[PDB]
Amino acid sequence: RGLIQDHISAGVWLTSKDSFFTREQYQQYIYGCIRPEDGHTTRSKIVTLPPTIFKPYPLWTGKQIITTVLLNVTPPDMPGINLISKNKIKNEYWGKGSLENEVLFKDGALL
Amino acid sequence: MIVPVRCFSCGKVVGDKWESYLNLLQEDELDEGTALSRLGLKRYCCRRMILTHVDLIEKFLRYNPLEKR
Amino acid sequence: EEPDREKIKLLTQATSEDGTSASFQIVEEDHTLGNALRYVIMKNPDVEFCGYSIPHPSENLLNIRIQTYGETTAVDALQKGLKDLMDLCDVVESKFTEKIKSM
Amino acid sequence: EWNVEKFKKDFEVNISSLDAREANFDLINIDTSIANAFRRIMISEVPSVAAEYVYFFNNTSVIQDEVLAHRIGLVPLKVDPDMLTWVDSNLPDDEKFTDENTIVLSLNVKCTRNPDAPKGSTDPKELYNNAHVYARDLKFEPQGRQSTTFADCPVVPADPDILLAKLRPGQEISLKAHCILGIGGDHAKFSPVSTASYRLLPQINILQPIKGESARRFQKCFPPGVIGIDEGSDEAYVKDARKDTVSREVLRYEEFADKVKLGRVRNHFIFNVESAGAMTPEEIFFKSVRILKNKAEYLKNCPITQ
Amino acid sequence: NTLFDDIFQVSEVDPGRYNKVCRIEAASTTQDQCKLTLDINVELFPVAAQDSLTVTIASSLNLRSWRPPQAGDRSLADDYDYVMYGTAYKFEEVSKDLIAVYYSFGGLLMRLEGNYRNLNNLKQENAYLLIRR
Ligand SMILES: [Zn+2]
């Protein structure tokens with residue numbers, strides 16, 4: 001049991017280091033996917049991360065979005081899942097020095 | 001069945017533009033493209049509406065059972 | 001005539017008691033009002049988080065959640081949104097009328 | 001910092017073209033959520049007047065009653081939709097339709113043969129009488145008040161030439177359509193616009209200049225008048241980026257795909273609103289913005305329930 | 001407070017397969033063993049080869065929450081152009097002294113190589129990365 005077709009290609013696109021999102025966009029995607037009124041959380045409020053880029057403009061990554069959803073769906077009394085997985089996309093496709101096949105999860109945060 | 005009233009995709013009323021369009025292909029010896037350009041169907045959703053139509057009602061109407069034949 | 005008792009509803013499951021986190025549910029709405037209202041709401045400097053979500057297209061429902069800090073109430077922040085949308089639309093109408101007249 | 005007055009300073013309108021059926025106008029310095037709000041409302045929520053309940057008394061034509069009823073629904077009527085209020089449903093049919101909420105259109109056509117045309121098929125219109133049933137045959141039937149109210153705005157189809165049905169001798173159509181006030185969101189027949197759409201202003205950022213015959217050769221890659229060259233010995237310039245269609249044909253050639261960038265102006269919106277004739281497109285836009293404002297007033301007035 | 005600060009000379013600017021990120025390879029002008037590999041949004045912060053970046057790693061912007069800027073106060077970001085907030089996820093040793101630290105700013109990775117200076121750069125739940133130009 002897993003997501004399929006479009007959801008897979010959407011995860012591939014959203015999770016690219018190239019995908020950035022403004023505070024407005026980030027928070028919108030978040031409430032779009034999490035409804036605390038629906039029992040979708042273990043917090044009864046919403047929590048959020050610091051932006052990836054503090055600079056010129058506050059910017060969040062897609063991986064930060066997956067961090068926010070995992071931080072919001074797991075119970076606050078438990079540390080974040082730690083996992084080293086791999087992708088079906090060789091690193092060579094993202095460049096001569098890019099490293100994108102190692103899936104890294106540290107304390108609930110896709111790194 | 002009969003020339004649609006509106007173009008499914010856009011919304012522009014087209015049912016008024018059939019007979020003149022057919023006249024423009026007969027009387028003016030125009031071509032389908034230029035005829036549709038003069039009809040104002042400047043979008044392909046509209047273009048296709050009239051361009052592709054098949055007014056099968058003329059074939060249906062010869063079956064009218066309410067008149068002797 | 002009556003103050004509409006069913007248009008907007010405050011989802012107790014989604015509302016703090018201190019005072020700065022609510023989910024509101026509006027009936028018979030969608031992105032139409034929603035995305036504009038969240039956009040203006042994000043202009044409020046006292047909004048920490050705000051967004052809208054449709055529980056399901058067929059249901060014709062709109063939930064909009066505003067969680068702020070202790071310097072505003074979510075009902076107050078929402079009223080700030082609506083006053084901004086009304087005044088802004090007044091601006092749009094006014095400049096549109098002016099340019100219609102200028103022709 | 002952001003205020004509604006700094007928006008009023010920043011918001012612009014430029015109207016390129018205002019036809020009694022089409023308006024092409026620009027909204028500069030707005031948010032996409034607002035332009036999309038106006039578009040969405042202009043399409044679904046702006047009320048218009050369209051046939052809703054067709055009462056047939058006879059239909060011997062080779063066309064299905066239901067189908068003909070839907071086609072009569074599709075006919076746009078040249079009616080100012082403000083002449084009528086909404087018809088409720090909480091109440092019996094005898095109260096539903098009054099002269100304040102309903103417009104009656106009668107259609108009584110009987111097809112005959114004509115006394116002997118020339119050859120034969122000499123079309124249909126000469127061989128037969130009333131062979132072609134058009135929307136122009138929808139006779140408007142007022143009641144009392146609205147009879148007077150429409151003295152100077154009688155009810156006419158916004159396109160009488162629409163062919164509605166084709167008959168044959170002895171075939172007949174008698175029906176009475178009840179036109180009500182409705183919104184384009186509840187059914188597409190109530191949408192007053194044919195096409196209300198926006199497009200972001202195309203921006204053509206030339207990264208390095210091109211000149212001579214490579215500049216004019218670049219110029220021919222875009223719609224005729226987007227790229228202008230005055231001399232070309234010094235620059236190949238953009239006469240008007242608004243003329244472009246973003247066909248992105250220029251990228252097919254290495255002569256350019258490394259010396260041009262193609263973007264858009266997120267703030268600048270090019271609206272195109274074409275009306276179906278029921279109302280003038282600008283008046284439709286006015287109703288759309290007044291509709292969004294009225295909605296914000298409804299949400300201010302409502303009491304937060306719990 | 002600060003943990004590491006240096007002026008770096010960019011040796012490579014590779015866009016990879018991206019439109020607004022690039023993996024920059026740089027080396028410190030001031031210490032032969034200091035090396036850097038960082039993915040930056042050049043659309044926000046354009047960079048070129050052989051260019052002078054003033055990289056500083058700090059534990060905070062001080063002079064549970066995050067606030068948009070306010071012209072009533074400033075931070076260490078007021079001194080620098082490009083700021084990222086990230087975490088350290090790996091510590092590798094290149095010699096009996098060389099150690100390479102890894103941060104991820106939501107997936108924008110950085111690999112600093114050194115040997116001893118790291119000892120003011122121990123693993124922490126957060127690292128602010130500030131760049132000047
Ligand atoms: Zn069309």
# chains A, B, ... in the order shown; residues from 1 in each chain; ligands from 1
>>> residues_near_ligand(ligand="ligand 1", cutoff="10 Å", atoms="only C-alpha atoms and all ligand atoms", output="ChimeraX atom specification")
/B:6-14,41-50 /D:194-195
>>> write_last_selection(atoms="C-alpha atoms", output="mmCIF file, in the first residue's frame")
data_model
loop_
_atom_site.group_PDB
_atom_site.id
_atom_site.type_symbol
_atom_site.label_atom_id
_atom_site.label_comp_id
_atom_site.auth_asym_id
_atom_site.auth_seq_id
_atom_site.Cartn_x
_atom_site.Cartn_y
_atom_site.Cartn_z
ATOM 1 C CA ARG B 6 -22.191 26.812 -27.882
ATOM 2 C CA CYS B 7 -18.592 25.658 -28.122
ATOM 3 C CA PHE B 8 -18.103 23.107 -25.357
ATOM 4 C CA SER B 9 -14.647 24.387 -24.441
ATOM 5 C CA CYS B 10 -14.987 28.169 -24.558
ATOM 6 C CA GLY B 11 -18.594 29.254 -24.279
ATOM 7 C CA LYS B 12 -19.110 31.463 -27.301
ATOM 8 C CA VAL B 13 -22.516 31.044 -28.895
ATOM 9 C CA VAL B 14 -21.896 29.401 -32.258
ATOM 10 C CA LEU B 41 -14.199 31.783 -34.233
ATOM 11 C CA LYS B 42 -10.644 32.923 -33.470
ATOM 12 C CA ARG B 43 -10.054 30.089 -30.998
ATOM 13 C CA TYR B 44 -9.507 26.469 -31.934
ATOM 14 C CA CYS B 45 -12.188 25.331 -29.488
ATOM 15 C CA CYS B 46 -14.546 27.471 -31.556
ATOM 16 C CA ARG B 47 -12.730 26.744 -34.809
ATOM 17 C CA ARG B 48 -13.272 23.020 -34.345
ATOM 18 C CA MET B 49 -16.883 23.398 -33.265
ATOM 19 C CA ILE B 50 -18.128 24.501 -36.673
ATOM 20 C CA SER D 194 -18.048 33.610 -23.171
ATOM 21 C CA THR D 195 -14.415 33.821 -22.053
#
>>> residues_around(residues="residue 54 of chain A", least_positions_apart="2", cutoff="8 Å", atoms="only C-alpha atoms", output="VMD selection string")
(chain A and resid 51 to 52 56 to 59) or (chain E and resid 77 82 to 85)
>>> select_by_dssp(residues="segment 4-111 of chain A", states="helix (DSSP H, G or I)", output="ChimeraX atom specification")
/A:5-14,23-33,36-38,62-73,91-94
>>> write_last_selection(atoms="C-alpha atoms", output="JSON list (two decimals), in the first residue's frame")
[["chain", "number", "residue", "atom", "x", "y", "z"],
["A", 5, "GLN", "CA", 1.66, 7.59, -10.50],
["A", 6, "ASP", "CA", 1.18, 11.31, -10.12],
["A", 7, "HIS", "CA", 1.83, 11.29, -6.39],
["A", 8, "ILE", "CA", 5.19, 9.66, -7.10],
["A", 9, "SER", "CA", 6.21, 12.18, -9.74],
["A", 10, "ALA", "CA", 4.95, 14.97, -7.49],
["A", 11, "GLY", "CA", 7.11, 13.74, -4.64],
["A", 12, "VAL", "CA", 10.08, 13.59, -7.02],
["A", 13, "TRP", "CA", 9.44, 17.20, -8.07],
["A", 14, "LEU", "CA", 8.60, 18.66, -4.65],
["A", 23, "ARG", "CA", 6.19, 31.48, 3.79],
["A", 24, "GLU", "CA", 2.78, 31.98, 2.19],
["A", 25, "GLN", "CA", 3.17, 28.98, -0.10],
["A", 26, "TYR", "CA", 4.73, 26.77, 2.57],
["A", 27, "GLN", "CA", 2.05, 27.43, 5.17],
["A", 28, "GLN", "CA", -0.65, 27.03, 2.52],
["A", 29, "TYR", "CA", 0.61, 23.60, 1.50],
["A", 30, "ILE", "CA", 0.77, 22.69, 5.17],
["A", 31, "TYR", "CA", -2.82, 23.48, 6.10],
["A", 32, "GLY", "CA", -3.74, 22.04, 2.72],
["A", 33, "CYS", "CA", -2.40, 18.70, 3.93],
["A", 36, "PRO", "CA", -6.07, 19.72, 13.11],
["A", 37, "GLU", "CA", -9.87, 19.97, 13.29],
["A", 38, "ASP", "CA", -9.95, 16.59, 11.52],
["A", 62, "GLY", "CA", 10.29, 20.89, -0.14],
["A", 63, "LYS", "CA", 12.31, 18.67, 2.16],
["A", 64, "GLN", "CA", 11.45, 21.19, 4.85],
["A", 65, "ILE", "CA", 7.80, 20.60, 3.98],
["A", 66, "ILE", "CA", 8.24, 16.85, 4.47],
["A", 67, "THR", "CA", 9.95, 17.72, 7.74],
["A", 68, "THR", "CA", 7.00, 19.85, 8.79],
["A", 69, "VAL", "CA", 4.42, 17.19, 7.97],
["A", 70, "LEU", "CA", 6.40, 14.48, 9.75],
["A", 71, "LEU", "CA", 6.95, 16.79, 12.71],
["A", 72, "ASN", "CA", 3.20, 17.37, 12.77],
["A", 73, "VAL", "CA", 1.91, 13.81, 12.35],
["A", 91, "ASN", "CA", 23.08, 10.62, -8.40],
["A", 92, "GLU", "CA", 24.64, 11.13, -11.85],
["A", 93, "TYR", "CA", 21.38, 12.60, -13.13],
["A", 94, "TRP", "CA", 21.54, 15.56, -10.74]]
>>> residues_around(residues="segment 182-191 of chain D", least_positions_apart="4", cutoff="7 Å", atoms="only C-alpha atoms", output="MDAnalysis selection string")
chainID D and resid 43:50 73:74
>>> write_last_selection(atoms="C-alpha atoms", output="short mmCIF file (atom, residue, chain, number, x, y, z; two decimals), in the first residue's frame")
data_model
loop_
_atom_site.label_atom_id
_atom_site.label_comp_id
_atom_site.auth_asym_id
_atom_site.auth_seq_id
_atom_site.Cartn_x
_atom_site.Cartn_y
_atom_site.Cartn_z
CA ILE D 43 -17.41 33.07 -14.69
CA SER D 44 -19.40 31.17 -12.08
CA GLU D 45 -20.94 33.61 -9.60
CA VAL D 46 -22.12 36.58 -11.69
CA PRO D 47 -25.88 36.03 -12.13
CA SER D 48 -27.42 35.92 -15.59
CA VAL D 49 -30.89 35.25 -16.97
CA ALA D 50 -31.48 32.07 -18.96
CA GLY D 73 -31.66 26.88 -22.19
CA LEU D 74 -28.39 27.64 -23.96
#
>>> closest_residue(among="C:38, C:43, C:80, C:65", to="residue 25 of chain C", atoms="only C-alpha atoms")
C:65
>>> interface_residues(of="chain E", to="chain C", cutoff="12 Å", atoms="only C-alpha atoms", output="ChimeraX atom specification")
/E:65-70
>>> write_last_selection(atoms="N, CA and C atoms", output="short mmCIF file (atom, residue, chain, number, x, y, z; two decimals), in the first residue's frame")
data_model
loop_
_atom_site.label_atom_id
_atom_site.label_comp_id
_atom_site.auth_asym_id
_atom_site.auth_seq_id
_atom_site.Cartn_x
_atom_site.Cartn_y
_atom_site.Cartn_z
N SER E 65 10.77 29.58 17.90
CA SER E 65 9.89 30.43 17.11
C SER E 65 10.77 31.28 16.20
N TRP E 66 10.13 31.89 15.21
CA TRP E 66 10.80 32.68 14.20
C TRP E 66 9.86 33.80 13.81
N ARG E 67 10.41 34.99 13.65
CA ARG E 67 9.57 36.11 13.28
C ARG E 67 10.09 36.73 12.00
N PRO E 68 9.21 37.23 11.14
CA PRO E 68 9.66 38.00 9.99
C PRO E 68 10.47 39.19 10.46
N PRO E 69 11.27 39.81 9.58
CA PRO E 69 12.06 40.95 10.03
C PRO E 69 11.18 42.03 10.62
N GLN E 70 11.80 42.90 11.41
CA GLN E 70 11.13 44.09 11.93
C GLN E 70 12.16 45.20 12.04
#
>>> residues_around(residues="residue 297 of chain D", least_positions_apart="5", cutoff="9 Å", atoms="only C-alpha atoms", output="JSON, numbers by chain")
{"C": [82, 83, 86], "D": [292, 302]}
>>> atom_distance(atom1="atom CA of residue 20 of chain A", atom2="atom CA of residue 71 of chain E")
25.3 Å
>>> closest_residue(among="E:23, E:17, E:64, E:132", to="residue 78 of chain E", atoms="only C-alpha atoms")
E:132
>>> closest_atom_pairs(of="chain E", to="chain A", cutoff="10 Å", atoms="only C-alpha atoms", output="tab-separated table")
residue	atom	partner	partner_atom	distance
E:14	CA	A:95	CA	8.1
E:15	CA	A:95	CA	7.9
E:16	CA	A:95	CA	4.2
E:17	CA	A:94	CA	5.4
E:18	CA	A:18	CA	6.1
E:19	CA	A:18	CA	7.2
E:20	CA	A:18	CA	6.5
E:21	CA	A:18	CA	6.0
E:22	CA	A:18	CA	9.4
E:23	CA	A:98	CA	7.5
E:24	CA	A:97	CA	9.9
E:25	CA	A:97	CA	9.7
E:37	CA	A:97	CA	9.5
E:39	CA	A:17	CA	8.8
E:40	CA	A:53	CA	9.6
E:41	CA	A:18	CA	8.3
E:44	CA	A:56	CA	6.9
E:45	CA	A:56	CA	8.4
E:64	CA	A:49	CA	9.0
E:65	CA	A:50	CA	7.5
E:66	CA	A:50	CA	6.1
E:67	CA	A:50	CA	8.9
E:68	CA	A:58	CA	8.1
E:69	CA	A:54	CA	9.6
E:77	CA	A:55	CA	7.3
E:78	CA	A:55	CA	9.2
E:80	CA	A:55	CA	8.5
E:81	CA	A:55	CA	6.4
E:82	CA	A:55	CA	4.9
E:83	CA	A:55	CA	4.7
E:84	CA	A:53	CA	4.3
E:85	CA	A:52	CA	5.5
E:86	CA	A:52	CA	7.0
E:87	CA	A:111	CA	8.3
E:88	CA	A:111	CA	9.4
E:89	CA	A:106	CA	7.5
E:103	CA	A:111	CA	8.6
E:104	CA	A:111	CA	5.7
E:105	CA	A:52	CA	5.6
E:106	CA	A:64	CA	5.3
E:107	CA	A:111	CA	5.0
E:108	CA	A:17	CA	6.4
E:109	CA	A:111	CA	8.2
E:128	CA	A:54	CA	9.0
E:129	CA	A:53	CA	9.3
E:130	CA	A:55	CA	8.6
E:131	CA	A:55	CA	9.5
>>> atom_distance(atom1="atom CA of residue 82 of chain A", atom2="atom CA of residue 46 of chain A")
22.5 Å
>>> closest_atom_pairs(of="chain C", to="chain A", cutoff="7 Å", atoms="only C-alpha atoms", output="JSON lines")
{"residue": "C:11", "atom": "CA", "partner": "A:37", "partner_atom": "CA", "distance": 6.6}
{"residue": "C:13", "atom": "CA", "partner": "A:37", "partner_atom": "CA", "distance": 5.1}
{"residue": "C:14", "atom": "CA", "partner": "A:37", "partner_atom": "CA", "distance": 4.6}
{"residue": "C:21", "atom": "CA", "partner": "A:45", "partner_atom": "CA", "distance": 6.9}
{"residue": "C:23", "atom": "CA", "partner": "A:37", "partner_atom": "CA", "distance": 6.9}
{"residue": "C:49", "atom": "CA", "partner": "A:27", "partner_atom": "CA", "distance": 6.7}
{"residue": "C:50", "atom": "CA", "partner": "A:27", "partner_atom": "CA", "distance": 7.0}
{"residue": "C:51", "atom": "CA", "partner": "A:28", "partner_atom": "CA", "distance": 5.0}
{"residue": "C:52", "atom": "CA", "partner": "A:31", "partner_atom": "CA", "distance": 6.5}
{"residue": "C:53", "atom": "CA", "partner": "A:32", "partner_atom": "CA", "distance": 4.9}
>>> write_last_selection(atoms="C-alpha atoms", output="tab-separated table (two decimals), in the first residue's frame")
chain	number	residue	atom	x	y	z
C	11	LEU	CA	-14.48	24.24	15.19
C	13	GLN	CA	-11.64	20.81	17.95
C	14	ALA	CA	-9.35	23.41	16.36
C	21	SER	CA	-5.58	29.49	17.13
C	23	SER	CA	-10.18	26.76	12.40
C	49	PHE	CA	0.03	31.00	10.48
C	50	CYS	CA	-2.99	31.17	8.21
C	51	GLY	CA	-4.27	29.01	5.39
C	52	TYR	CA	-7.35	27.50	3.81
C	53	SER	CA	-8.24	23.90	2.95
>>> residues_around(residues="segment 102-107 of chain D", least_positions_apart="5", cutoff="6 Å", atoms="only C-alpha atoms", output="MDAnalysis selection string")
chainID D and resid 97 138:141 174:180
>>> select_by_dssp(residues="chain A", states="strand (DSSP E or B)", output="list in words")
residues 20, 21, 22, 53, 59, 60, 61, 83, 84, 85, 86, 102, 103, 104, 105, 106, 109 and 110 of chain A
>>> write_last_selection(atoms="N, CA and C atoms", output="mmCIF file, in the first residue's frame")
data_model
loop_
_atom_site.group_PDB
_atom_site.id
_atom_site.type_symbol
_atom_site.label_atom_id
_atom_site.label_comp_id
_atom_site.auth_asym_id
_atom_site.auth_seq_id
_atom_site.Cartn_x
_atom_site.Cartn_y
_atom_site.Cartn_z
ATOM 1 N N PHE A 20 11.741 25.636 -4.008
ATOM 2 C CA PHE A 20 11.672 26.554 -2.882
ATOM 3 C C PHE A 20 10.260 27.111 -2.766
ATOM 4 N N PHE A 21 9.916 27.572 -1.567
ATOM 5 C CA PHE A 21 8.552 27.988 -1.290
ATOM 6 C C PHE A 21 8.536 29.150 -0.312
ATOM 7 N N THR A 22 7.691 30.130 -0.595
ATOM 8 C CA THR A 22 7.628 31.287 0.272
ATOM 9 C C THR A 22 6.802 30.946 1.509
ATOM 10 N N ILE A 53 16.329 29.665 4.011
ATOM 11 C CA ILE A 53 17.121 30.834 3.645
ATOM 12 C C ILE A 53 16.582 32.042 4.395
ATOM 13 N N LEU A 59 12.891 31.505 2.739
ATOM 14 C CA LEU A 59 12.550 30.461 1.784
ATOM 15 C C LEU A 59 12.637 29.095 2.445
ATOM 16 N N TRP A 60 11.651 28.251 2.153
ATOM 17 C CA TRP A 60 11.571 26.898 2.680
ATOM 18 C C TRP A 60 11.795 25.896 1.555
ATOM 19 N N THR A 61 12.414 24.766 1.873
ATOM 20 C CA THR A 61 12.553 23.739 0.854
ATOM 21 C C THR A 61 11.340 22.812 0.859
ATOM 22 N N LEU A 83 16.511 7.467 9.455
ATOM 23 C CA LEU A 83 16.603 6.468 8.396
ATOM 24 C C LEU A 83 17.622 6.868 7.339
ATOM 25 N N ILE A 84 18.407 5.895 6.882
ATOM 26 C CA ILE A 84 19.239 6.031 5.688
ATOM 27 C C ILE A 84 18.702 5.082 4.624
ATOM 28 N N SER A 85 17.952 5.624 3.664
ATOM 29 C CA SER A 85 17.416 4.880 2.532
ATOM 30 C C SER A 85 18.088 5.333 1.234
ATOM 31 N N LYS A 86 17.598 4.814 0.106
ATOM 32 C CA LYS A 86 18.090 5.190 -1.212
ATOM 33 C C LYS A 86 16.919 5.471 -2.146
ATOM 34 N N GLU A 102 21.264 9.191 -1.585
ATOM 35 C CA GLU A 102 21.188 8.926 -0.157
ATOM 36 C C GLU A 102 20.017 9.695 0.437
ATOM 37 N N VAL A 103 18.995 8.968 0.865
ATOM 38 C CA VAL A 103 17.855 9.541 1.570
ATOM 39 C C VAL A 103 18.214 9.566 3.047
ATOM 40 N N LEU A 104 18.264 10.756 3.638
ATOM 41 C CA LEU A 104 18.690 10.887 5.025
ATOM 42 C C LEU A 104 17.603 11.528 5.874
ATOM 43 N N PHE A 105 17.218 10.832 6.940
ATOM 44 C CA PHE A 105 16.200 11.265 7.885
ATOM 45 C C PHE A 105 16.856 11.323 9.255
ATOM 46 N N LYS A 106 16.925 12.516 9.834
ATOM 47 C CA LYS A 106 17.570 12.718 11.127
ATOM 48 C C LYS A 106 16.573 13.380 12.063
ATOM 49 N N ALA A 109 13.668 14.795 10.218
ATOM 50 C CA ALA A 109 13.975 15.862 9.272
ATOM 51 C C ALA A 109 14.682 15.263 8.070
ATOM 52 N N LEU A 110 14.087 15.423 6.891
ATOM 53 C CA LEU A 110 14.700 14.928 5.666
ATOM 54 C C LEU A 110 15.848 15.847 5.274
#
>>> residues_around(residues="residue 300 of chain D", least_positions_apart="4", cutoff="12 Å", atoms="only C-alpha atoms", output="JSON, numbers by chain")
{"C": [3, 4, 7, 8, 75, 76, 77, 78, 79, 80, 81, 82, 83, 84, 85, 86], "D": [293, 294, 295, 296, 304]}
